[PDB]
Amino acid sequence: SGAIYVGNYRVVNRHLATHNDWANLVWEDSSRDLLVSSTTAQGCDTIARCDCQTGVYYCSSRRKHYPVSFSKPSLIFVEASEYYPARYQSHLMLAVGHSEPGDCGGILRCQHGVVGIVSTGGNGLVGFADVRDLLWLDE
Ligand SMILES: COc1ccc(Cl)cc1OC(=O)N1CCC[C@H](C(N)=O)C1
Ligand SMILES: [Zn+2]
């Protein structure tokens, strides 16, 4: 679990969005595993606007943060789960690091701000849905 709170927006994994997220829907994209809903309270998380390929993510299945080197956002094939059929997920960044399904939502940050959230993983890999291209999150 986990979310990003920026301005009047909440960014979560689409497959973990709640009934309230869908009732306050701003934008969603199944191919990215992202959903953004509106909030009444102001968030003040900062979104990175950069080309970093290193950062630190939070891993809830270890209660720890780990440093990572990750690939640039790209189209990656993700095997079927209970949430989606087998498909290409876009804007996904992969790195070597521990993850389990419930780690989805953990934040990846660089020195400039939030980069993205855990969205995929397995066998010593962890994948992050990028949010740095969503320029409207700041207005
Ligand atoms: C962090 O996720 C995992 C980590 C390890 C393992 Cl063995 C499996 C993990 O589950 C996943 O990769 N998915 C399940 C939920 C939906 C995901 C998606 N974005 O399509 C894919
Ligand atoms: Zn950065």
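The first residue of the sequence shown is numbered 1, and numbering continues consecutively from there. Only heavy atoms go into these numbers, but all of them, side chains included; no hydrogens, no water, no symmetry mates. Counting starts at 1 for both ligands and their atoms, following the listed order.
- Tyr58 and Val118 get closest at one heavy-atom pair: O-CG2, 4.4 Å.
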Ligand 1: which protein N/O atoms lie under 3.5 Å from its N/O atoms?
unit_1	atom_1	unit_2	atom_2	d
ligand 1	2 (O)	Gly121	N	3.4
ligand 1	12 (O)	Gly121	N	3.0
ligand 1	19 (N)	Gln89	OE1	2.9
ligand 1	19 (N)	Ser119	O	3.0
ligand 1	19 (N)	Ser119	OG	3.2
ligand 1	20 (O)	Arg87	NH1	3.0

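- Of all heavy-atom pairs between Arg32 and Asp130, the closest is NH2-O, 2.9 Å.
- In this structure, ND1 of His112 and SG of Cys110 enclose an angle of 110° at the Zn ion (ligand 2), rounded to 10°.
- Taking every heavy atom of both residues into account, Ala86 and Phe77 meet most closely at CB-CZ, 3.8 Å.
- For the side chain to side chain contact (heavy atoms under 4.5 Å, CB included) with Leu94, the lone residue among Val68, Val126, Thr120 that qualifies is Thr120.
- A salt bridge between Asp33 and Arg87 is absent, with no side-chain N of the basic residue lying under 4.0 Å from a carboxylate O of the acidic one.
- In this structure, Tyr5 stands alone, with no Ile, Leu, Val, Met, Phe, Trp or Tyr side-chain heavy atom under 4.5 Å from its own, directly or through other members.
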